[PDB]
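Asks: Next comes data-v1.txt, compact mmCIF, C-alpha atoms and all ligand atoms:
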```txt
# COMPACT_ATOMS: atom_id res chain seq x y z
CA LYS A 18 -62.74 -167.99 97.13
CA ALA A 19 -65.41 -166.10 95.31
CA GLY A 20 -67.14 -163.14 93.72
CA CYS A 21 -63.97 -161.39 92.65
CA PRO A 22 -63.34 -159.26 89.52
CA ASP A 23 -61.63 -160.89 86.57
CA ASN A 24 -58.42 -158.97 87.19
CA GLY A 25 -55.87 -161.57 86.08
CA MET A 26 -55.89 -163.56 89.29
CA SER A 27 -57.19 -167.13 88.89
CA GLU A 28 -60.05 -168.39 91.08
CA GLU A 29 -58.02 -171.59 91.45
CA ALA A 30 -55.25 -169.52 93.01
CA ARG A 31 -57.65 -167.77 95.38
CA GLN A 32 -59.00 -171.20 96.28
CA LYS A 33 -55.55 -172.67 96.98
CA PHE A 34 -54.50 -169.65 99.07
CA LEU A 35 -57.59 -169.84 101.27
CA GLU A 36 -57.49 -173.61 101.55
CA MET A 37 -53.77 -173.66 102.41
CA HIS A 38 -54.16 -170.94 105.04
CA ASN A 39 -57.06 -172.55 106.82
CA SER A 40 -55.76 -176.12 106.66
CA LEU A 41 -52.38 -174.88 107.92
CA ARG A 42 -54.03 -172.79 110.65
CA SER A 43 -56.01 -175.86 111.68
CA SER A 44 -52.89 -178.03 111.94
CA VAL A 45 -51.37 -175.46 114.29
CA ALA A 46 -54.53 -175.13 116.38
CA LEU A 47 -54.55 -178.94 116.77
CA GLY A 48 -50.98 -179.20 118.08
CA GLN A 49 -49.84 -180.99 114.94
CA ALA A 50 -47.34 -178.46 113.58
CA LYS A 51 -43.63 -179.17 114.08
CA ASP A 52 -41.84 -176.31 115.83
CA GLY A 53 -38.22 -175.54 115.00
CA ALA A 54 -37.62 -174.51 118.61
CA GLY A 55 -38.50 -178.02 119.78
CA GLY A 56 -41.72 -179.98 120.03
CA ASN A 57 -44.81 -178.54 118.39
CA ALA A 58 -46.60 -175.22 118.37
CA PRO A 59 -49.09 -174.88 121.25
CA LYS A 60 -52.70 -175.78 120.56
CA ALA A 61 -54.89 -172.73 119.92
CA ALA A 62 -57.97 -171.93 122.03
CA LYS A 63 -59.83 -170.01 119.29
CA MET A 64 -58.00 -170.04 115.97
CA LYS A 65 -60.40 -168.31 113.59
CA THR A 66 -61.31 -169.50 110.09
CA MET A 67 -60.22 -167.20 107.27
CA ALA A 68 -62.46 -166.01 104.46
CA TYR A 69 -61.37 -164.69 101.06
CA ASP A 70 -61.83 -160.98 100.55
CA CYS A 71 -61.66 -159.28 97.13
CA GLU A 72 -61.10 -155.82 98.57
CA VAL A 73 -58.04 -157.13 100.36
CA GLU A 74 -56.98 -158.89 97.17
CA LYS A 75 -57.10 -155.52 95.40
CA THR A 76 -54.52 -153.81 97.62
CA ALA A 77 -52.38 -156.94 97.34
CA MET A 78 -52.68 -156.50 93.57
CA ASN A 79 -51.47 -152.92 93.85
CA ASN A 80 -48.22 -154.23 95.36
CA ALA A 81 -47.81 -157.19 92.96
CA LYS A 82 -48.43 -155.29 89.68
CA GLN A 83 -45.52 -153.02 90.44
CA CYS A 84 -43.28 -156.05 89.96
CA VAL A 85 -40.78 -155.04 92.63
CA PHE A 86 -39.90 -157.44 95.45
CA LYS A 87 -40.77 -155.10 98.30
CA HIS A 88 -43.19 -154.92 101.19
CA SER A 89 -45.73 -152.17 100.45
CA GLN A 90 -45.85 -149.12 102.72
CA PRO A 91 -48.28 -149.82 105.58
CA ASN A 92 -49.74 -146.67 104.05
CA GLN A 93 -50.76 -148.55 100.91
CA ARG A 94 -52.68 -151.25 102.81
CA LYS A 95 -54.13 -149.60 105.94
CA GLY A 96 -55.22 -152.02 108.62
CA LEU A 97 -53.69 -154.90 106.62
CA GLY A 98 -50.74 -157.26 107.04
CA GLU A 99 -48.68 -158.58 104.12
CA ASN A 100 -46.65 -161.60 103.10
CA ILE A 101 -44.49 -161.67 99.96
CA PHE A 102 -42.82 -164.37 97.92
CA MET A 103 -41.15 -164.93 94.59
CA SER A 104 -40.34 -167.88 92.39
CA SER A 105 -37.71 -167.52 89.66
CA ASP A 106 -40.20 -169.15 87.30
CA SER A 107 -42.24 -166.22 85.95
CA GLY A 108 -44.89 -168.21 84.08
CA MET A 109 -45.44 -170.90 86.70
CA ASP A 110 -49.11 -171.69 87.23
CA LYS A 111 -50.67 -169.22 89.69
CA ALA A 112 -52.23 -171.86 91.95
CA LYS A 113 -48.87 -173.64 92.01
CA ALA A 114 -47.27 -170.35 93.12
CA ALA A 115 -50.01 -169.91 95.71
CA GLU A 116 -49.05 -173.33 97.08
CA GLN A 117 -45.29 -172.73 97.08
CA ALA A 118 -45.75 -169.36 98.74
CA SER A 119 -47.97 -170.66 101.54
CA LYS A 120 -45.62 -173.55 102.18
CA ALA A 121 -42.62 -171.27 102.28
CA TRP A 122 -44.30 -168.80 104.67
CA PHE A 123 -45.59 -171.52 106.95
CA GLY A 124 -42.21 -173.24 106.73
CA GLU A 125 -40.73 -170.54 108.94
CA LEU A 126 -42.06 -172.33 112.03
CA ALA A 127 -40.29 -175.64 111.38
CA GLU A 128 -37.16 -173.99 109.94
CA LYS A 129 -36.59 -171.13 112.34
CA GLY A 130 -38.81 -172.17 115.24
CA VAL A 131 -41.00 -170.02 117.46
CA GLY A 132 -41.52 -171.43 120.91
CA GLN A 133 -44.28 -171.86 123.46
CA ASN A 134 -44.43 -168.15 124.28
CA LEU A 135 -46.45 -166.60 121.43
CA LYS A 136 -45.94 -162.98 122.41
CA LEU A 137 -44.45 -160.98 119.54
CA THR A 138 -41.41 -159.48 121.26
CA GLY A 139 -38.44 -157.74 119.72
CA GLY A 140 -36.80 -161.09 120.40
CA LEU A 141 -39.32 -163.19 118.50
CA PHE A 142 -39.47 -160.55 115.78
CA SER A 143 -35.76 -161.12 115.18
CA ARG A 144 -36.03 -164.83 114.44
CA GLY A 145 -37.68 -163.63 111.24
CA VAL A 146 -40.78 -165.83 111.44
CA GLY A 147 -43.12 -162.98 110.56
CA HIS A 148 -44.66 -164.67 107.57
CA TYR A 149 -45.63 -167.70 109.59
CA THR A 150 -46.95 -165.58 112.47
CA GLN A 151 -49.17 -163.63 110.08
CA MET A 152 -50.48 -166.85 108.55
CA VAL A 153 -51.73 -168.13 111.91
CA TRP A 154 -52.46 -164.77 113.49
CA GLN A 155 -55.59 -165.56 115.52
CA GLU A 156 -57.66 -162.44 114.81
CA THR A 157 -56.79 -162.21 111.12
CA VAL A 158 -59.83 -163.46 109.23
CA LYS A 159 -59.62 -161.89 105.77
CA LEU A 160 -57.26 -163.19 103.12
CA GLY A 161 -56.60 -161.53 99.76
CA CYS A 162 -53.74 -162.31 97.39
CA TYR A 163 -52.45 -161.67 93.90
CA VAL A 164 -49.90 -163.50 91.76
CA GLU A 165 -48.23 -161.52 88.98
CA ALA A 166 -46.03 -162.79 86.17
CA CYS A 167 -43.18 -160.29 86.22
CA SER A 168 -40.19 -159.96 83.92
CA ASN A 169 -37.78 -161.55 86.31
CA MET A 170 -39.94 -163.44 88.80
CA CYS A 171 -43.32 -164.85 89.61
CA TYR A 172 -44.37 -162.39 92.31
CA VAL A 173 -46.86 -163.37 95.00
CA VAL A 174 -48.38 -160.98 97.52
CA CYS A 175 -50.94 -161.78 100.24
CA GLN A 176 -52.46 -159.10 102.46
CA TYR A 177 -54.29 -159.79 105.70
CA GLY A 178 -57.18 -158.26 107.54
CA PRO A 179 -57.16 -157.27 110.25
CA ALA A 180 -53.37 -156.98 110.11
CA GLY A 181 -51.54 -159.39 112.34
CA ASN A 182 -48.05 -159.01 113.84
CA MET A 183 -48.76 -156.25 116.32
CA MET A 184 -45.65 -155.89 118.45
CA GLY A 185 -46.28 -156.86 122.06
CA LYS A 186 -49.33 -159.03 121.25
CA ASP A 187 -49.89 -162.77 121.14
CA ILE A 188 -50.08 -164.57 117.82
CA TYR A 189 -52.89 -166.64 119.31
CA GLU A 190 -54.49 -167.56 122.66
CA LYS A 191 -53.14 -170.91 123.80
CA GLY A 192 -55.37 -173.77 124.91
CA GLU A 193 -57.44 -176.71 123.74
CA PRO A 194 -58.85 -176.29 120.21
CA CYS A 195 -62.35 -174.78 119.92
CA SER A 196 -62.19 -174.19 123.71
CA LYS A 197 -62.86 -170.43 123.52
CA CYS A 198 -64.99 -170.01 120.45
CA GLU A 199 -68.76 -169.80 120.20
CA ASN A 200 -69.10 -172.23 117.32
CA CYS A 201 -66.23 -174.55 116.56
CA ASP A 202 -65.47 -176.55 113.47
CA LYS A 203 -64.76 -179.56 115.68
CA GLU A 204 -62.84 -181.59 113.09
CA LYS A 205 -60.48 -178.74 112.28
CA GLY A 206 -60.13 -176.93 115.58
CA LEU A 207 -61.00 -173.50 114.19
CA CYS A 208 -63.78 -171.14 115.21
CA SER A 209 -66.45 -171.35 112.52
CA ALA A 210 -66.92 -168.33 110.26
NI NI B 301 -41.71 -159.77 105.58
```
How does this structure look as structure tokens?

Replies:
Amino acid sequence: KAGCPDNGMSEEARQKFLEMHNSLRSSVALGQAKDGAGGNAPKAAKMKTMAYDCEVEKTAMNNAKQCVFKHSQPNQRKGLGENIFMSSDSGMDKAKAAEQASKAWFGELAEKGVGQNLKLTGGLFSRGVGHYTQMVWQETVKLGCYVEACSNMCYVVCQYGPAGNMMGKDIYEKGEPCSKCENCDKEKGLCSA
């Protein structure tokens, strides 16, 4: 989603990543996301809209180009969170990978469940829903990803700014959509950018 170097990442992929993150964040904000732990995820009071960020994409690229399925050292993406994903199909279209990745990360909520208490405890950390929680992390507003065609996998990395998943903190403030943001995108339930 725009103005980024021609570094091998497709603008269609950027577009899918941003669109999937926001639309998925919206659906959670609106109380329309199925929750594995029963019922749905609580509405969000001020779920922010994400923008694409090329600088963030760049550090995501640094992880992806290494073609090793591993979270980068927090050191190699200061201030930034990270989600990773692989498909066995190395040459699969990048935007298609973007889509599969986002679905698979978000899918943690319906598959593993989270609950009504959005505080990131040691407990909730254990359920292993950390890719979902980073996707809908309230204060995370910058998205940057890279999809690399490795020898033995199609390797997808997204990094997130500011980093989400701070232990002891809430994923998002609960409440009616738009209810705590200056300007709301009323149809989507996210604070406007
Ligand atoms: Ni992880």

Asks: Give me the residues near residue A:20 as a list in words, where near means some atom within 9 Å (using all atoms listed in the file) and where sequence neighbours in that chain fewer than 2 positions away do not count.

Replies: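 That gives residues 18, 22, 70 and 71 of chain A.
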
Asks: The selected residues should be written to file as a CSV table (one decimal), keeping the file's coordinate frame (atoms: C-alpha atoms).

Replies:
```csv
chain,number,residue,atom,x,y,z
A,18,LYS,CA,-62.7,-168.0,97.1
A,22,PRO,CA,-63.3,-159.3,89.5
A,70,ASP,CA,-61.8,-161.0,100.6
A,71,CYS,CA,-61.7,-159.3,97.1
```

Asks: Find the residues near residue A:34: any atom within 9 Å, counting all atoms listed in the file, skip ones fewer than 2 places away on the same chain, and give them as a PDB file with C-alpha atoms, in the frame of the given file.

Replies:
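Just written: result-v9.pdb:
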```pdb
ATOM      1  CA  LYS A  18     -62.740-167.990  97.130  1.00  0.00           C
ATOM      2  CA  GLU A  29     -58.020-171.590  91.450  1.00  0.00           C
ATOM      3  CA  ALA A  30     -55.250-169.520  93.010  1.00  0.00           C
ATOM      4  CA  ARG A  31     -57.650-167.770  95.380  1.00  0.00           C
ATOM      5  CA  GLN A  32     -59.000-171.200  96.280  1.00  0.00           C
ATOM      6  CA  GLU A  36     -57.490-173.610 101.550  1.00  0.00           C
ATOM      7  CA  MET A  37     -53.770-173.660 102.410  1.00  0.00           C
ATOM      8  CA  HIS A  38     -54.160-170.940 105.040  1.00  0.00           C
ATOM      9  CA  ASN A  39     -57.060-172.550 106.820  1.00  0.00           C
ATOM     10  CA  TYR A  69     -61.370-164.690 101.060  1.00  0.00           C
ATOM     11  CA  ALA A 112     -52.230-171.860  91.950  1.00  0.00           C
ATOM     12  CA  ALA A 115     -50.010-169.910  95.710  1.00  0.00           C
ATOM     13  CA  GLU A 116     -49.050-173.330  97.080  1.00  0.00           C
ATOM     14  CA  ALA A 118     -45.750-169.360  98.740  1.00  0.00           C
ATOM     15  CA  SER A 119     -47.970-170.660 101.540  1.00  0.00           C
ATOM     16  CA  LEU A 160     -57.260-163.190 103.120  1.00  0.00           C
ATOM     17  CA  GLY A 161     -56.600-161.530  99.760  1.00  0.00           C
ATOM     18  CA  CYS A 162     -53.740-162.310  97.390  1.00  0.00           C
ATOM     19  CA  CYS A 175     -50.940-161.780 100.240  1.00  0.00           C
TER      20      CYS A 175
END
```

Asks: Which residues come within 7 Å of residue A:157, counting all atoms listed in the file, excluding same-chain residues fewer than 4 positions away, as number ranges by chain?

Replies: A: 177-181

Asks: Those selected residues, please, written with C-alpha atoms and delivered as a PDB file, in the coordinates of the input.

Replies:
```
ATOM      1  CA  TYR A 177     -54.290-159.790 105.700  1.00  0.00           C
ATOM      2  CA  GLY A 178     -57.180-158.260 107.540  1.00  0.00           C
ATOM      3  CA  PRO A 179     -57.160-157.270 110.250  1.00  0.00           C
ATOM      4  CA  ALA A 180     -53.370-156.980 110.110  1.00  0.00           C
ATOM      5  CA  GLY A 181     -51.540-159.390 112.340  1.00  0.00           C
TER       6      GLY A 181
END
```

Asks: Go through A:33, A:65, A:129, A:42 and flag the residue nearest residue A:114, using all atoms listed in the file for the distances.

Replies: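 Answer, going by the shortest atom-to-atom distance: A:33.
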
Asks: Give the answer as one residue: which of A:143, A:105, A:44, A:168 has the shortest atom-to-atom distance to ligand NI 301 (chain B), using only C-alpha atoms and all ligand atoms?

Replies: A:143

Asks: Could you give me, as a tab-separated table (two decimals) with C-alpha atoms, in the coordinates of the input, every polymer residue with an atom at most 8 Å away from an atom of ligand NI 301 (chain B), counting all atoms listed in the file?

Replies:
```
chain	number	residue	atom	x	y	z
A	88	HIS	CA	-43.19	-154.92	101.19
A	99	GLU	CA	-48.68	-158.58	104.12
A	100	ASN	CA	-46.65	-161.60	103.10
A	101	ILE	CA	-44.49	-161.67	99.96
A	145	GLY	CA	-37.68	-163.63	111.24
A	147	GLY	CA	-43.12	-162.98	110.56
A	148	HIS	CA	-44.66	-164.67	107.57
```

Asks: Find the residues around residue A:93 up to 9 Å (all atoms listed in the file counted), leave out those fewer than 2 positions away in its own chain, and share them as a ChimeraX atom specification.

Replies: /A:76,79-80,89-91,95

Asks: Which one of A:137, A:46, A:210, A:21 sits closest to residue A:182 if you count all atoms listed in the file?

Replies: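 The answer is A:137, which sits nearest to residue A:182.
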
Asks: Pick out the residues sitting within 9 Å of residue A:127, and hand them over as a ChimeraX atom specification; count all atoms listed in the file, and ignore anything fewer than 5 positions along from it in its own chain.

Replies: /A:50-55,57

Asks: What gap, in Å, lies between atom CA of residue A:186 and atom CA of residue A:126?

Replies: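 About the pair atom CA of residue A:186 and atom CA of residue A:126: they are 17.7 Å apart.
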